[PDB]
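Heads up, final_27.txt below (compact mmCIF, C-alpha atoms and all ligand atoms):
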# COMPACT_ATOMS: atom_id res chain seq x y z
CA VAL H 1 0.00 0.00 0.00
CA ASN H 2 1.05 3.65 -0.52
CA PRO H 3 2.43 4.42 2.95
CA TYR H 4 2.00 8.17 2.42
CA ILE H 5 -1.79 8.07 2.23
CA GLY H 6 -3.32 9.50 5.39
CA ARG H 7 0.07 9.86 7.04
CA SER H 8 1.75 13.03 8.33
CA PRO H 9 5.44 13.11 7.40
CA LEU H 10 7.54 14.37 10.28
CA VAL H 11 8.58 18.00 10.49
CA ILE H 12 12.30 17.94 11.39
CA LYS H 13 12.61 20.29 14.38
CA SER H 14 16.35 20.94 13.89
CA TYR H 15 15.67 22.04 10.30
CA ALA H 16 12.72 24.27 11.24
CA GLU H 17 14.93 25.99 13.83
CA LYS H 18 17.48 26.94 11.16
CA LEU H 19 14.73 28.84 9.33
CA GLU H 20 14.43 31.29 12.25
CA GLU H 21 17.40 33.08 10.68
CA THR H 22 15.47 33.43 7.41
CA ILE H 23 12.40 34.75 9.24
CA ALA H 24 14.62 37.30 11.03
CA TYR H 25 16.10 38.44 7.71
CA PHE H 26 12.66 39.06 6.18
CA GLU H 27 11.34 40.84 9.30
CA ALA H 28 14.40 43.13 9.17
CA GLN H 29 13.53 43.93 5.53
CA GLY H 30 9.99 44.91 6.55
CA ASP H 31 8.78 41.94 4.50
CA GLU H 32 6.00 40.33 6.54
CA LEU H 33 4.65 38.23 3.67
CA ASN H 34 7.95 36.44 3.09
CA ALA H 35 8.49 36.12 6.85
CA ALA H 36 5.06 34.40 6.95
CA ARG H 37 5.92 32.21 3.95
CA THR H 38 9.05 31.11 5.77
CA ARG H 39 6.89 30.16 8.74
CA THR H 40 4.91 28.00 6.30
CA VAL H 41 8.20 26.34 5.30
CA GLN H 42 8.89 25.57 9.00
CA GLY H 43 5.79 23.37 8.95
CA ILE H 44 6.70 21.47 5.74
CA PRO H 45 8.24 18.03 6.33
CA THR H 46 11.68 17.18 5.02
CA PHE H 47 13.92 14.09 5.16
CA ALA H 48 16.45 13.59 7.96
CA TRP H 49 19.79 12.57 6.50
CA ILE H 50 21.98 9.94 8.12
CA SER H 51 25.14 10.65 6.11
CA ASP H 52 27.68 9.45 8.69
CA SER H 53 27.82 7.27 11.81
CA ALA H 54 27.82 10.19 14.27
CA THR H 55 24.39 11.23 12.97
CA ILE H 56 22.99 7.92 14.21
CA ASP H 57 23.04 9.61 17.66
CA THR H 58 20.24 11.93 16.44
CA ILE H 59 17.83 9.14 15.60
CA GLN H 60 16.50 8.15 19.02
CA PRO H 61 15.85 11.78 20.08
CA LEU H 62 14.10 12.29 16.72
CA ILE H 63 11.96 9.19 17.36
CA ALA H 64 11.15 10.27 20.93
CA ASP H 65 10.05 13.71 19.60
CA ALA H 66 8.05 11.99 16.86
CA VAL H 67 6.23 9.77 19.34
CA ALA H 68 5.40 12.75 21.58
CA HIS H 69 4.10 14.61 18.53
CA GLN H 70 2.03 11.58 17.47
CA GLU H 71 0.49 11.38 20.97
CA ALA H 72 -0.17 15.14 21.11
CA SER H 73 -1.57 15.54 17.59
CA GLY H 74 -3.33 12.23 16.91
CA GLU H 75 -1.50 12.11 13.54
CA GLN H 76 0.00 9.03 11.89
CA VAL H 77 3.59 10.19 12.01
CA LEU H 78 5.77 9.13 9.09
CA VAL H 79 9.49 9.56 9.84
CA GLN H 80 11.49 10.17 6.64
CA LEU H 81 15.14 9.15 6.61
CA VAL H 82 18.01 8.96 4.09
CA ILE H 83 20.70 6.31 4.52
CA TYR H 84 23.80 7.66 2.77
CA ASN H 85 27.10 6.02 3.72
CA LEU H 86 28.18 3.29 1.26
CA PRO H 87 31.86 2.39 1.28
CA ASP H 88 33.77 4.15 -1.53
CA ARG H 89 30.75 6.48 -1.64
CA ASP H 90 30.25 8.77 -4.64
CA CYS H 91 32.69 6.74 -6.78
CA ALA H 92 32.65 9.05 -9.85
CA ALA H 93 33.27 12.23 -7.84
CA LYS H 94 36.74 13.73 -7.53
CA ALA H 95 36.25 13.70 -3.76
CA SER H 96 33.85 12.16 -1.27
CA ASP H 97 33.22 12.88 2.37
CA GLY H 98 31.89 9.33 2.87
CA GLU H 99 33.68 7.93 5.91
CA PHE H 100 33.97 4.28 4.77
CA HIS H 101 36.53 2.96 2.30
CA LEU H 102 36.72 -0.52 0.86
CA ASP H 103 40.47 -0.72 1.52
CA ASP H 104 39.88 0.05 5.22
CA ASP H 105 37.30 -2.65 6.02
CA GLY H 106 34.56 -0.42 4.56
CA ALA H 107 32.11 -3.19 3.61
CA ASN H 108 32.02 -4.61 7.15
CA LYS H 109 31.92 -1.13 8.65
CA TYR H 110 28.94 -0.27 6.46
CA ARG H 111 27.11 -3.37 7.67
CA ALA H 112 27.72 -2.35 11.30
CA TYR H 113 26.52 1.21 10.54
CA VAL H 114 23.32 -0.28 9.12
CA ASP H 115 23.08 -2.50 12.22
CA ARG H 116 23.33 0.60 14.43
CA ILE H 117 20.48 2.23 12.47
CA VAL H 118 18.43 -0.98 12.78
CA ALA H 119 18.86 -0.94 16.57
CA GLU H 120 17.48 2.62 16.71
CA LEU H 121 14.57 1.70 14.42
CA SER H 122 13.72 -1.34 16.57
CA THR H 123 12.88 0.30 19.91
CA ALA H 124 9.40 0.29 21.46
CA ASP H 125 9.05 3.96 20.44
CA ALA H 126 10.16 3.21 16.86
CA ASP H 127 7.51 0.47 16.71
CA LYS H 128 4.80 3.11 17.25
CA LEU H 129 5.85 5.04 14.12
CA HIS H 130 6.02 4.44 10.38
CA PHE H 131 9.20 5.09 8.37
CA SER H 132 9.92 6.02 4.77
CA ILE H 133 13.58 5.51 3.98
CA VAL H 134 15.56 6.55 0.89
CA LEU H 135 18.50 4.26 0.21
CA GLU H 136 21.85 5.57 -0.94
CA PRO H 137 21.76 8.57 -3.27
CA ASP H 138 24.55 8.84 -5.86
CA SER H 139 25.12 5.08 -5.89
CA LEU H 140 23.76 2.62 -8.46
CA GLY H 141 23.53 5.10 -11.36
CA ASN H 142 27.32 4.94 -11.37
CA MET H 143 27.18 1.28 -12.34
CA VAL H 144 25.12 2.32 -15.37
CA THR H 145 27.17 5.26 -16.70
CA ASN H 146 30.49 5.42 -14.82
CA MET H 147 32.03 1.96 -15.15
CA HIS H 148 35.02 3.52 -16.95
CA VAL H 149 35.94 5.10 -13.61
CA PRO H 150 38.40 2.94 -11.61
CA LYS H 151 36.73 3.76 -8.26
CA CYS H 152 33.31 2.80 -9.64
CA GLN H 153 34.70 -0.43 -11.13
CA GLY H 154 36.10 -1.32 -7.72
CA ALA H 155 32.90 -0.34 -5.86
CA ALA H 156 30.18 -1.84 -8.09
CA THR H 157 29.79 -5.14 -6.24
CA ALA H 158 30.06 -3.31 -2.89
CA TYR H 159 27.27 -0.87 -3.79
CA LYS H 160 24.93 -3.69 -4.75
CA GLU H 161 25.87 -5.81 -1.71
CA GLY H 162 25.66 -2.81 0.64
CA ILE H 163 22.22 -1.69 -0.49
CA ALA H 164 21.11 -5.35 -0.52
CA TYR H 165 22.09 -5.65 3.13
CA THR H 166 20.30 -2.42 4.01
CA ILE H 167 17.12 -3.69 2.30
CA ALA H 168 17.42 -7.13 3.94
CA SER H 169 17.98 -5.52 7.36
CA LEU H 170 14.93 -3.23 7.34
CA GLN H 171 12.04 -5.59 6.59
CA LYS H 172 9.37 -4.54 9.07
CA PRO H 173 5.64 -3.85 8.68
CA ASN H 174 6.19 -0.20 9.67
CA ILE H 175 9.05 0.54 7.22
CA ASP H 176 8.83 1.37 3.51
CA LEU H 177 12.03 1.53 1.47
CA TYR H 178 12.77 3.50 -1.69
CA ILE H 179 16.01 2.84 -3.54
CA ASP H 180 17.54 6.04 -4.93
CA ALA H 181 17.22 6.17 -8.72
CA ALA H 182 18.99 9.41 -9.61
CA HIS H 183 17.08 11.83 -11.85
CA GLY H 184 15.87 12.06 -15.43
CA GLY H 185 19.03 13.78 -16.68
CA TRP H 186 21.16 10.89 -15.45
CA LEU H 187 19.28 7.65 -15.95
CA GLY H 188 16.44 8.82 -18.21
CA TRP H 189 18.49 8.72 -21.44
CA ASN H 190 17.25 5.94 -23.70
CA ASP H 191 20.25 3.63 -23.31
CA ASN H 192 20.31 3.96 -19.52
CA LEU H 193 16.74 2.87 -18.77
CA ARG H 194 17.02 -0.89 -19.14
CA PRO H 195 20.39 -1.31 -17.35
CA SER H 196 19.00 0.83 -14.50
CA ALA H 197 15.91 -1.35 -14.12
CA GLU H 198 18.17 -4.40 -14.26
CA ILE H 199 20.51 -3.19 -11.51
CA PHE H 200 17.62 -2.30 -9.19
CA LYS H 201 16.24 -5.81 -9.70
CA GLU H 202 19.70 -7.38 -9.28
CA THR H 203 20.10 -5.54 -5.96
CA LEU H 204 16.66 -6.61 -4.73
CA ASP H 205 17.45 -10.21 -5.69
CA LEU H 206 20.66 -10.05 -3.62
CA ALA H 207 18.60 -8.73 -0.71
CA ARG H 208 16.34 -11.78 -1.02
CA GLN H 209 19.37 -14.10 -0.65
CA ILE H 210 19.79 -12.56 2.83
CA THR H 211 16.17 -12.11 3.94
CA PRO H 212 13.90 -14.50 1.95
CA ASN H 213 10.81 -12.40 1.24
CA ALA H 214 12.51 -8.98 1.21
CA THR H 215 10.76 -6.20 -0.68
CA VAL H 216 11.04 -2.49 -1.35
CA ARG H 217 8.24 -0.04 -2.04
CA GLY H 218 10.02 1.42 -5.09
CA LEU H 219 12.35 4.26 -6.05
CA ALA H 220 13.20 7.80 -5.02
CA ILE H 221 14.00 10.28 -7.78
CA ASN H 222 15.41 13.82 -8.15
CA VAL H 223 16.97 13.66 -4.68
CA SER H 224 19.04 16.84 -4.19
CA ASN H 225 18.37 17.93 -7.76
CA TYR H 226 16.24 20.69 -9.32
CA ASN H 227 14.31 19.05 -12.14
CA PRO H 228 10.68 20.16 -12.41
CA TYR H 229 7.88 17.65 -11.92
CA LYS H 230 6.02 18.91 -14.98
CA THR H 231 7.99 21.39 -17.06
CA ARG H 232 6.39 24.61 -18.20
CA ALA H 233 9.10 25.31 -20.76
CA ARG H 234 11.15 22.27 -21.79
CA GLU H 235 14.90 23.06 -21.58
CA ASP H 236 17.20 22.80 -24.58
CA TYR H 237 19.63 20.62 -22.62
CA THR H 238 16.90 17.93 -22.31
CA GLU H 239 16.88 17.33 -26.06
CA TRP H 240 16.85 13.62 -26.90
CA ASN H 241 15.92 12.71 -23.34
CA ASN H 242 12.33 11.56 -22.82
CA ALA H 243 12.65 12.13 -19.07
CA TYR H 244 12.77 15.92 -19.53
CA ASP H 245 10.85 16.41 -16.30
CA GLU H 246 10.47 14.04 -13.35
CA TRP H 247 6.87 13.09 -14.15
CA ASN H 248 8.10 11.99 -17.57
CA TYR H 249 11.01 10.17 -15.93
CA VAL H 250 8.46 8.10 -13.97
CA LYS H 251 6.47 7.39 -17.11
CA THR H 252 9.58 6.50 -19.14
CA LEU H 253 11.26 4.30 -16.49
CA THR H 254 8.15 2.47 -15.25
CA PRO H 255 7.79 0.02 -18.20
CA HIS H 256 11.36 -1.19 -17.65
CA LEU H 257 10.81 -1.76 -13.95
CA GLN H 258 7.63 -3.67 -14.80
CA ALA H 259 9.51 -5.76 -17.39
CA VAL H 260 12.16 -6.86 -14.88
CA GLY H 261 9.69 -7.32 -11.97
CA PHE H 262 10.83 -4.42 -9.81
CA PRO H 263 8.14 -2.36 -8.02
CA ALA H 264 7.29 0.77 -10.00
CA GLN H 265 6.26 3.14 -7.22
CA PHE H 266 8.09 6.45 -6.78
CA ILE H 267 8.64 9.31 -4.42
CA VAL H 268 9.89 12.50 -6.05
CA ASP H 269 12.00 15.27 -4.48
CA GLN H 270 10.68 18.72 -5.45
CA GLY H 271 12.18 20.77 -2.62
CA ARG H 272 14.27 22.91 -5.00
CA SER H 273 12.23 22.48 -8.21
CA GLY H 274 10.05 25.65 -8.24
CA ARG H 275 12.06 27.59 -10.80
CA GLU H 276 13.23 26.37 -14.21
CA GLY H 277 15.69 27.99 -16.60
CA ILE H 278 18.30 28.29 -13.84
CA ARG H 279 20.96 26.03 -15.43
CA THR H 280 22.75 26.06 -18.79
CA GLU H 281 23.75 22.38 -18.52
CA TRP H 282 21.80 19.50 -16.97
CA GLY H 283 24.84 18.35 -15.01
CA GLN H 284 25.07 21.56 -12.98
CA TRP H 285 24.06 20.64 -9.41
CA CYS H 286 25.85 22.79 -6.85
CA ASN H 287 23.85 25.60 -5.19
CA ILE H 288 22.05 26.60 -8.37
CA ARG H 289 21.26 30.31 -8.12
CA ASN H 290 17.59 31.41 -7.97
CA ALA H 291 16.29 27.92 -7.23
CA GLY H 292 12.77 27.96 -5.77
CA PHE H 293 10.89 25.71 -3.39
CA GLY H 294 8.74 23.46 -5.56
CA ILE H 295 5.44 21.63 -5.21
CA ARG H 296 4.85 20.98 -1.50
CA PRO H 297 4.85 17.42 -0.18
CA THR H 298 1.58 15.80 -1.24
CA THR H 299 -0.18 12.59 -2.27
CA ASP H 300 -2.94 14.53 -4.10
CA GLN H 301 -3.42 12.80 -7.47
CA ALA H 302 -4.83 16.00 -8.97
CA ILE H 303 -1.21 17.20 -8.73
CA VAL H 304 0.76 13.97 -8.81
CA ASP H 305 -1.21 12.63 -11.81
CA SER H 306 0.30 9.10 -11.78
CA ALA H 307 -0.66 5.78 -10.19
CA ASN H 308 3.11 5.10 -10.11
CA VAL H 309 3.89 8.09 -7.85
CA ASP H 310 3.22 7.62 -4.14
CA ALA H 311 4.11 11.21 -3.18
CA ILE H 312 5.98 14.36 -3.93
CA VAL H 313 8.40 14.86 -1.05
CA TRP H 314 11.22 17.22 0.00
CA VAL H 315 14.34 15.07 0.46
CA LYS H 316 17.28 17.49 0.26
CA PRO H 317 16.51 20.24 2.82
CA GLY H 318 16.67 23.58 1.01
CA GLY H 319 19.17 25.92 2.64
CA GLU H 320 21.66 23.20 3.47
CA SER H 321 24.58 23.96 1.13
CA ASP H 322 25.63 21.54 -1.61
CA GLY H 323 29.27 22.53 -1.15
CA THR H 324 31.61 25.45 -0.67
CA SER H 325 32.57 27.90 -3.38
CA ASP H 326 35.84 28.85 -1.64
CA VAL H 327 38.67 27.81 -4.01
CA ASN H 328 41.01 27.31 -1.05
CA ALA H 329 38.72 25.07 1.01
CA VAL H 330 40.01 21.58 1.66
CA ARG H 331 36.78 20.19 0.18
CA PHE H 332 36.43 22.72 -2.65
CA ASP H 333 34.48 21.32 -5.58
CA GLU H 334 34.82 23.17 -8.90
CA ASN H 335 31.17 22.41 -9.66
CA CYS H 336 30.30 24.87 -6.88
CA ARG H 337 31.72 27.70 -8.97
CA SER H 338 29.74 26.78 -12.09
CA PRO H 339 28.28 29.68 -14.09
CA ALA H 340 24.90 28.74 -12.57
CA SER H 341 26.08 28.45 -8.96
CA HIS H 342 25.27 30.85 -6.10
CA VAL H 343 28.58 32.20 -4.76
CA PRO H 344 29.80 32.61 -2.06
CA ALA H 345 28.49 29.40 -0.52
CA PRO H 346 29.44 27.58 2.69
CA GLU H 347 30.58 24.00 3.29
CA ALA H 348 28.25 21.13 2.29
CA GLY H 349 25.41 20.84 4.79
CA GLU H 350 26.04 24.23 6.41
CA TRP H 351 23.26 26.85 6.44
CA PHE H 352 23.14 29.08 3.38
CA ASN H 353 20.69 31.80 4.38
CA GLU H 354 20.87 33.88 1.17
CA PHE H 355 19.95 30.75 -0.78
CA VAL H 356 16.85 30.10 1.37
CA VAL H 357 15.77 33.71 0.92
CA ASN H 358 15.73 33.00 -2.80
CA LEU H 359 14.01 29.61 -2.36
CA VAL H 360 11.12 31.43 -0.70
CA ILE H 361 10.95 34.27 -3.25
CA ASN H 362 11.18 31.88 -6.23
CA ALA H 363 8.82 29.24 -4.88
CA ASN H 364 6.28 27.87 -7.36
CA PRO H 365 3.42 27.65 -6.64
CA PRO H 366 3.89 30.70 -4.42
CA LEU H 367 4.06 29.84 -0.74
CA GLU H 368 0.86 30.47 1.19
CA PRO H 369 1.71 32.66 4.21
CA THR H 370 1.18 31.42 7.77
CA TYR H 371 0.07 34.19 10.08
CA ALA H 372 -0.41 33.77 13.83
MG MG H 401 36.99 11.23 4.66
Could you render the structure as structure tokens?
Amino acid sequence: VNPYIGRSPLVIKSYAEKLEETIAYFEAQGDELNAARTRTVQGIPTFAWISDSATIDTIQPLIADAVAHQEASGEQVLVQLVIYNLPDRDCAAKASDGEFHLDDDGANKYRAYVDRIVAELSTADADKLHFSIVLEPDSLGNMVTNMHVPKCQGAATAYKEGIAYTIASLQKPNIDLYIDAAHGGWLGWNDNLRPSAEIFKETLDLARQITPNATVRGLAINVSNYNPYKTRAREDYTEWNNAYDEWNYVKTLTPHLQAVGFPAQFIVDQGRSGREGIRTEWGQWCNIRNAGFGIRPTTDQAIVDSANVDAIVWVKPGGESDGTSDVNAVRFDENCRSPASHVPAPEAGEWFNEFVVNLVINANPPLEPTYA
């Protein structure tokens, strides 16, 4: 069943608190409407990212808060998590902050990291909640398009085995799993569709060798990207790609999933998808200037318009930087000084207030204000 129907995805308190800085900015500008729109954003659920082992410490307090909120509100709280820590993570990138490396016992360390997450998701409080979990952004797409990269060659089996273990470890009636499936500009190209479907099925089959009847709900798409759900003005860079918006990516990928016997249900990130025409190349990803908040999280089929889409969601939390633009930073990524990038920008994950200001202003549909 679509686990989003009737459920109330969890508002992440630590994220909402960061937005107080954005509210303060707008109030100082004498801009009460945008201050009020920012308050609306405080009440919009986002995914909590578990991108390292230290962040596992945040999970039980998050669950305790979620249970208290469920008791107070009478809602069916749906905790949304991203698991993002494969060994030799981000294999095609020049650099990765992933803490596990295959040559330093990374496969076994990843299993234990998963095991630590499982322990937190197996408490009496956890049992009271429902979870939606996105598995491993920036992973399996690399096996489709980046097998000429030595690091990807050496990580391919590990990515499949790692995700397989995560799937096999999180089979519970109150957990739905979505394997990350990149975005239309990566895997939507004609020649990438079938091998993508095949690798998702291959990974699920490996999971079933660990836990016999293991399943996933489907796929997560556009995570951390900017692609529109339905484009208003198709971009020139999408020429010869039938997945020129994320709704079309669903429609174009679905038949291949069906053909290989992989579940064809999707959740779609639209947290930074409000404004189009912000990039000159599809591969630009880092802090794209003038990005807007997109369609708010919803299951409404009048918007979603696809039996294959469970929900539009906000996975990457807008305002958390994609990377620093400082040329001298230890983790400097040249992509973060692209012609389309918002500069200056802070370290990946750090608060980028100027960028959130623009996310509010460029939101589409416009944000409805929340007034006290
Ligand atoms: Mg490191």
Per residue of chain H within 8 Å of ligand MG 401 (chain H), what are the shortest atom pair and its distance in Å to one decimal, counting only C-alpha atoms and all ligand atoms, with rows by chain and residue number, as a tab-separated table?
residue	atom	partner	partner_atom	distance
H:96	CA	H:MG401	MG	6.8
H:97	CA	H:MG401	MG	4.7
H:98	CA	H:MG401	MG	5.7
H:99	CA	H:MG401	MG	4.8
H:100	CA	H:MG401	MG	7.6
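Using only C-alpha atoms, the nearest neighbour of residue 234 (chain H) within the list H:82, H:69, H:276, H:309 is H:276.
Counting all atoms listed in the file, the residue from H:307, H:41, H:288, H:129 that sits nearest to residue 71 (chain H) is H:129.
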Can you tell me which residues surround region 166-181 of chain H at a distance of at most 7 Å, considering all atoms listed in the file, apart from same-chain residues fewer than 5 positions away, and format the answer as a list in words?
residues 114, 118, 129, 130, 131, 132, 133, 134, 135, 136, 137, 141, 207, 208, 210, 211, 214, 216, 217, 218, 219, 220 and 221 of chain H
Compile a residue-level contact table for region 338-358 of chain H against region 11-34 of chain H at a cut-off of 8 Å, reporting for every qualifying residue the shortest atom pair and its distance in Å to one decimal, with all atoms listed in the file counted, rows ordered by chain and ascending number, as CSV.
residue,atom,partner,partner_atom,distance
H:351,CA,H:18,CA,7.5
H:353,CA,H:22,CA,6.3
H:356,CA,H:22,CA,7.0
H:357,CA,H:22,CA,6.5
Between CA of residue 185 (chain H) and CA of residue 248 (chain H), distance in Å (one decimal)
11.1 Å
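When CA of residue 364 (chain H) is paired with CA of residue 264 (chain H), their separation reads 27.2 Å.
Taking all atoms listed in the file into account, residue 91 (chain H) lies nearest to H:155 out of the set H:155, H:78, H:107, H:348.
Take CA of residue 191 (chain H) and CA of residue 83 (chain H): the distance between them is 28.0 Å.
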